[PDB]
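What follows is a short report on a single structure.
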Amino acid sequence: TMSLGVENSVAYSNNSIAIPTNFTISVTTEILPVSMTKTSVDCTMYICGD
Amino acid sequence: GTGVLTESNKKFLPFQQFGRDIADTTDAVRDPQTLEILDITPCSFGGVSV
Ligand SMILES: *[C@@H]1O[C@H](CO)[C@@H](O[C@@H]2O[C@H](CO)[C@@H](O)[C@H](O)[C@H]2NC(C)=O)[C@H](O)[C@H]1NC(C)=O
Ligand SMILES: *[C@@H]1O[C@H](CO)[C@@H](O)[C@H](O)[C@H]1NC(C)=O
């Protein structure tokens, strides 16, 4: 039975805030289709070839 | 069938008599008189546009 991840509560309070001290520039890749093959069919030739 | 017959370099086995591509369409044939393999290319076709 899958975990869904590692459980990690947060030390929440009404008066305790966490500020980051150091930062990382990361690079990620996102990929998307833009078009497809421009297929074409001669119905006449296909159905009744000669 | 119909097409253009051309010389080929495909080494058909002695018992082999036909060639087919992924489409199972005839690819090449061996002359019954000369044990030579000839490729079949469908005749040039397409569509005329203006
Ligand atoms: C911020 O973080 C980066 C990396 O997380 C720190 O850069 C490293 O600094 C250590 C010094 O302890 C070097 O040994 C490493 O070679 C550094 N790596 C890179 C990729 O730069 C940087 O010093 C941190 N800065 C602060 C102010 O915390
Ligand atoms: C029969 O085929 C062979 C193979 O090409 C050829 O050499 C022979 O000449 C053919 N027969 C005749 C009578 O030509």
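Lettering and numbering for the structure tokens are positional, with chains as A, B, ... in the shown order, residues counted from 1 in each chain, and ligands counted from 1 in the shown order.
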Practice problem: Fewer than 6 positions away in the same chain doesn't count, so skip those; otherwise give me all residues within 10 Å of residue 1 (chain B), counting only C-alpha atoms, as number ranges by chain. | Solution: A: 50; B: 26, 40, 42
Practice problem: Give the strand (DSSP E) residues of chain B, as DSSP finds them on the backbone, and put them as a PyMOL selection string. | Solution: chain B and resi 4-7+18-20+26-30+37-41
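A distance search around ligand 1 (10 Å at most, only C-alpha atoms and all ligand atoms) returns the following protein and nucleic acid residues: residues 20, 21, 22, 23, 24 and 25 of chain A.
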Exercise. Find the residues around region 31-45 of chain A up to 12 Å (only C-alpha atoms counted), leave out those fewer than 5 positions away in its own chain, and share them as a list in words.
Key: residues 50 of chain A; 45, 46, 47 and 48 of chain B
Exercise. Name the residues, by chain letter and number, that sit within 8 Å of ligand 2 using only C-alpha atoms and all ligand atoms, and give them as a ChimeraX atom specification.
Key: /B:33-35
Could you turn the residues from that selection into a file that holds N, CA and C atoms, as a PDB file, in the first residue's frame?
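What follows is the written file again27.pdb:
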```pdb
ATOM      1  N   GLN B  33      13.266 -17.295 -63.347  1.00  0.00           N
ATOM      2  CA  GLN B  33      14.254 -17.712 -64.332  1.00  0.00           C
ATOM      3  C   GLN B  33      15.677 -17.423 -63.886  1.00  0.00           C
ATOM      4  N   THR B  34      15.924 -16.231 -63.354  1.00  0.00           N
ATOM      5  CA  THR B  34      17.223 -15.853 -62.820  1.00  0.00           C
ATOM      6  C   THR B  34      17.102 -15.711 -61.313  1.00  0.00           C
ATOM      7  N   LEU B  35      17.976 -16.396 -60.582  1.00  0.00           N
ATOM      8  CA  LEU B  35      17.931 -16.330 -59.129  1.00  0.00           C
ATOM      9  C   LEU B  35      18.468 -14.988 -58.661  1.00  0.00           C
TER      10      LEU B  35
END
```
Quiz item: Where does DSSP see alpha helix (DSSP H) in chain A, if you list the residues as a ChimeraX atom specification?
Solution: /A:43-47
Could you save those same residues with C-alpha atoms as an mmCIF file, in the first residue's frame?
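Below is the file that was written, result_26.cif:
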```
data_model
loop_
_atom_site.group_PDB
_atom_site.id
_atom_site.type_symbol
_atom_site.label_atom_id
_atom_site.label_comp_id
_atom_site.auth_asym_id
_atom_site.auth_seq_id
_atom_site.Cartn_x
_atom_site.Cartn_y
_atom_site.Cartn_z
ATOM 1 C CA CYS A 43 -9.208 7.906 -50.226
ATOM 2 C CA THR A 44 -9.802 6.982 -53.863
ATOM 3 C CA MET A 45 -6.432 5.320 -54.392
ATOM 4 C CA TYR A 46 -6.501 3.686 -50.961
ATOM 5 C CA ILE A 47 -9.903 2.017 -51.168
#
```
Quiz item: Do you know which residues are at most 10 Å from residue 31 (chain B) counting only C-alpha atoms, after dropping those on the same chain fewer than 6 positions away, and could you put them as a PyMOL selection string?
Solution: chain B and resi 17+37-38
Written selection (N, CA and C atoms) as an mmCIF file, in the first residue's frame:
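Produced file again37.cif, reproduced below:
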```cif
data_model
loop_
_atom_site.group_PDB
_atom_site.id
_atom_site.type_symbol
_atom_site.label_atom_id
_atom_site.label_comp_id
_atom_site.auth_asym_id
_atom_site.auth_seq_id
_atom_site.Cartn_x
_atom_site.Cartn_y
_atom_site.Cartn_z
ATOM 1 N N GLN B 17 11.197 -16.756 -51.247
ATOM 2 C CA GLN B 17 10.696 -16.382 -52.562
ATOM 3 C C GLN B 17 10.053 -15.006 -52.613
ATOM 4 N N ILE B 37 17.316 -10.996 -57.006
ATOM 5 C CA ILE B 37 16.328 -10.333 -56.167
ATOM 6 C C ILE B 37 16.089 -8.938 -56.721
ATOM 7 N N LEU B 38 14.825 -8.607 -56.961
ATOM 8 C CA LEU B 38 14.434 -7.325 -57.519
ATOM 9 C C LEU B 38 13.481 -6.635 -56.558
#
```
